[PDB]
């Protein structure tokens, strides 16, 4: 109920905004490109007084990720931390008023078609997000999962003041270690969970993301967990054992990853709440 406009955007992100604003000007959906990004006051407040206590965090381990499927489990709204690994960690849960699973799935099919669409989601941070197999993405003979999974997206976007080039490979929840029986019993409507690698060495996973969406009568909740870095539990993913060295040889030490944890938390909060504010209207107008 109490939303509040985000008030800070790094200098490079302000410049990106101006670039994106020029680019989207003559698009059919330009009216959806908006400068005010509102977030829940409660949620933003929770990430202004330091990292979470380690005891309340999760690792990418099988035990930890499956905690998300417990019937009595409901995620906190926000929070970030640095884990031994070293690894950045983010937890969140966003509400999408009036949004359905089908609309949310539509979004992931629709936006990659044009970079300018990707910029509606986060005007200040997003550059481009083309997938490798765009024909597969639009193939109606395939289920959502067959269209999206194993179809590397190459996201270029700022996280804080760092321009990143992330290769995002959406994956079946079960291949990520989520228990199928529990997942079914949790009645989850969809997943955009993925492995992520840096463009620098695309074959080395540096990240697991879990994103589970589930309808309520008044809309939809997205529960998300981000892990970016190195961790022994990541070894179940091919190439991941090389993460620690890759990270070190790039700039990613403990301090840099703790920073990234907070910046990811801000990014996640801004983009998903902003998407929630227009997605149902956008879908109605451009579902076509």
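Residue numbers count along the first chain shown, from 1.
Here 197 to 205 and 169 to 177 are compared by their mean Cα B-factor, and 197 to 205 comes out higher.
When the mean C-alpha temperature factors of 227 to 235 and 251 to 259 are read from the deposited coordinates, 251 to 259 comes out higher. Annotation for 119, 152, 92, 100: 152 ranks highest, by Cα B-factor. Among 144, 96, 124, 107, the highest C-alpha B-factor in the deposited entry belongs to 144. For residue 129, the recorded CA temperature factor ranks within the highest third of the chain's modelled residues.
Per the deposited record, the Cα B-factor of residue 71 falls in the highest third when ranked against the other modelled residues of its chain. The deposited CA B-factor of residue 221 belongs to the lowest third of values across its chain.
Looking at the C-alpha B-factors along this chain, the one for residue 188 belongs to the middle third. Annotation for residue 210: CA B-factor lies in the lowest third of the chain's modelled residues.
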